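Reading through the structure tokens given below for one structure.
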Amino acid sequence: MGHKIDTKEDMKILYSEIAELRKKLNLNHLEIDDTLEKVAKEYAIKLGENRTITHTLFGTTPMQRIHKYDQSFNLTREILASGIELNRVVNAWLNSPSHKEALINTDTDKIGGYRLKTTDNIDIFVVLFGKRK
């Protein structure tokens, strides 16, 4: 895998876009969560190293990946994207019924994600949603 590029600013844009979408629907406000951000980043790097996009890499599930760091999450969702520009990704997820369901969910109060963008043209979003016990 090539070198990673900083995407902090990208994720600030994306969080803001998702927040505005949810606000226009009068849905609940999601707070950015450090644990979800760490899990999303670790997973995004594995997806990129292994040349795949999948929710079940190495026999893990999104809940299980989050429970490795914090077992108090009792409800979670995961959305992925690859090869899609930042200013197109929300609409690309809205066009998928299962992805749209996650973006407009009322079950979770926390969000955290990561964008992997590398020098060899890997471009992956991982966005997680969660609710703690």
Side-chain angles (χ1 to χ4, degrees):
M1 181 151 296
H3 298 286
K4 292 182 292 297
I5 300 164
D6 188 326
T7 52
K8 195 174 179 210
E9 186 62 41
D10 299 343
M11 289 300 306
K12 174 175 218 307
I13 290 161
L14 180 57
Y15 285 140
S16 181
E17 198 177 14
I18 292 171
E20 203 57 85
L21 165 77
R22 293 172 62 80
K23 179 177 196 186
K24 289 339 173 20
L25 292 166
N26 214 17
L27 297 171
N28 59 297
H29 184 255
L30 300 172
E31 289 180 5
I32 298 162
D33 180 86
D34 294 330
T35 301
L36 293 183
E37 282 194 323
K38 182 204 309 167
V39 177
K41 181 180 187 179
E42 288 192 5
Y43 198 56
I45 285 166
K46 296 193 175 160
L47 294 176
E49 288 177 325
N50 285 279
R51 308 184 213 164
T52 184
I53 297 293
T54 174
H55 294 280
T56 57
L57 182 71
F58 310 144
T60 66
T61 185
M63 188 104 64
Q64 184 168 337
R65 286 190 296 273
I66 296 162
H67 282 172
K68 157 169 183 188
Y69 294 110
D70 186 343
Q71 237 172 279
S72 61
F73 287 95
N74 59 338
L75 207 143
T76 193
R77 297 151 184 287
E78 174 176 86
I79 56 178
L80 313 171
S82 179
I84 303 169
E85 298 299 331
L86 175 64
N87 67 354
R88 294 312 202 131
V89 72
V90 168
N91 284 332
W93 284 320
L94 291 171
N95 177 55
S96 178
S98 60
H99 316 142
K100 178 167 173 169
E101 198 282 335
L103 290 174
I104 67 167
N105 86 272
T106 57
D107 294 349
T108 58
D109 59 355
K110 301 300 174 171
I111 192 175
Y114 182 75
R115 187 198 195 170
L116 173 72
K117 196 177 167 180
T118 68
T119 50
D120 58 348
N121 291 23
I122 296 166
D123 185 351
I124 295 175
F125 296 97
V126 176
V127 180
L128 303 176
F129 303 79
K131 177 53 189 156
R132 280 182 182 88
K133 287 161 206 190

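Sequential numbering from 1 along the given sequence is applied to the chain's residues. Note: hydrogens, waters and symmetry copies are ignored here, and every other heavy atom, side chains too, is used.
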Stepwise side-chain contact (heavy atoms from CB on, under 4.5 Å) check, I124 with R115: CA-CA 6 Å; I124 295 175; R115 187 198 195 170; over 6 Å; no
Beyond-backbone contact of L80 with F125, side-chain heavy atoms, under 4.5 angstrom: no
Pair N28, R22: side-chain N/O donor-acceptor within cut-off below 3.5 Å: yes
Test log, rule side-chain contact (heavy atoms from CB on, under 4.5 Å), inputs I79 and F129: CA-CA 9 Å; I79 56 178; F129 303 79; 4.0 Å; yes
Inter-residue atom distance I122.CD1 - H3.NE2, 0.5 Å rounding: 12.0 Å
Side-chain donor-acceptor contact under 3.5 Å, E20 with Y15: no
Interatomic spacing from CG in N91 to OG in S96 - rounded to 0.5 Å: 13.0 Å
Minimum side-chain heavy-atom gap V89-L14 below 4.5 Å: yes
Exceeds 12 heavy-atom contacts within 6.0 angstrom, atom CG of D120: yes
Distance, nearest 0.5 Å, that separates CG of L27 from CG of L21: 7.5 Å
Minimum-distance pair of heavy atoms, taken over all atoms of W93 and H99: O-CB, 3.4 Å
Atom of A40, atom of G113 and distance for their closest heavy-atom approach: CB-CA, 3.7 Å
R132 and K110, any side-chain heavy atoms less than 4.5 Å apart: yes
Residue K46 excluded, over 12 heavy atoms near NZ under 6.0 Å: no
Note, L94 side chain near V90 side chain (heavy atom, < 4.5 Å): yes
CA sep, side-chain torsions, deciding dist, call: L116, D123, side-chain contact (heavy atoms from CB on, under 4.5 Å): CA-CA 5 Å; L116 173 72; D123 185 351; over 6 Å; no
Pairwise distance CD1(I53) to CG(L47) - rounded to 0.5 angstrom: 5.0 Å
Inter-residue atom distance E31.CD - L36.CG, 0.5 Å rounding: 12.0 Å
Side chain to side chain donor-acceptor pair (under 3.5 Å) contacts touching residues 75-87 (sequence neighbours left out): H55-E78, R65-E78, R77-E101, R77-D107
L128 vs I111 side-chain heavy atoms within contact, under 4.5 Å: no
Side chain to side chain, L103 and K100, heavy atoms closer than 4.5 Å: no
For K133, all residues meeting salt bridge (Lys or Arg N to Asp or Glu O under 4.0 Å), sequence neighbours excluded: none
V127 side chain near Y114 side chain, heavy-atom distance below 4.5 Å: no
Separation between OG1 of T106 and CG of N26, rounded to the nearest 0.5 Å: 12.0 Å
Under 3.5 Å side-chain donor-acceptor pair for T52 and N50: no
side-chain contact (heavy atoms from CB on, under 4.5 Å) assessment of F73 paired with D33: CA-CA 12 Å; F73 287 95; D33 180 86; 3.7 Å; yes
